[PDB]
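Here's a solo chain for you in structure tokens, the form deposited without the partner chain.
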């Protein structure tokens, strides 16, 4: 029996909005220590990985593991049905066809109960081990979002290139090209705007801007984004939650 009452009702919506534009059918696996979800997009260059640990819930209960197959388009719709001061609880019995989404006001004057039919979704062959990475950066997610939105107007391809004290973003296209160069810095007054870089090996990788444009939607979940790059594996873009994360693993393009 699954019963999960969210700390903040709006959080789940924020999570789903985080990746509904990458993949539309996902299995959420509920276990005794939280919820995880993984999905690969159709072209198989992008893997989304979600972990919502137990501490994201006001109250959590999963007797036996259950798999909840959801169309994120449908789910998104039901999630609009939620006042910000409302409580959201996920309820499902063992071997369900339905997930119940139960919205409640403190007074209990307005009880909204949605029951969503589950789907049979094939989620097979999901390999996931992160070799050590050549480089790890972190920066504000809005900054990164802006860099990607800007450069994506010039090209379908964004190159990220990392050197001793420099992160360079480069798009080159028909109308011309653009480079954004950023420098790691700390500002001890407002530390949340810092840019930090650990470079073991310098790296130079290109990514499809269409995918980056989806990944940046993770910005609603957290202030910062961690980017892990290696010359021989998929890149990691990570957004942390309190008790979990949203990861996006993206295949670099081939150097033609």
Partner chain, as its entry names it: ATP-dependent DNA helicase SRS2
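Positions refer to the first chain, counted from 1.
In what follows, reference is made to the form solved in complex with the partner chain, a form of this protein that is not presented.
Note on contacts: among 50, 40, 66, 216, the single residue with a heavy atom within 4.5 Å of the partner chain in the bound PDB entry is 40. Residue contact with the partner chain in the bound PDB entry: residue 234 places a heavy atom within 4.5 Å of it. Within 4.5 Å of some heavy atom of the partner chain in the bound PDB entry lies at least one heavy atom of residue 45. Interface membership of residue 34, defined by any non-hydrogen atom within 4.5 Å of the partner chain in the bound PDB entry, is ruled out.
Not displayed here, the partner chain is kept clear of residue 28 by more than 4.5 Å at the level of heavy atoms in the bound PDB entry. Among the candidates 88, 23, 36, 219, the residue located at the hinge where one rigid part turns against the other between this form and the one not shown is 36. Compared with the form shown here, the C-alpha atoms of residue 235 and residue 122 sit at least 3 Å closer together in the bound PDB entry.
One change in the bound PDB entry concerns residue 234 and residue 122, whose Cα atoms lie at least 3 Å closer than in this form.
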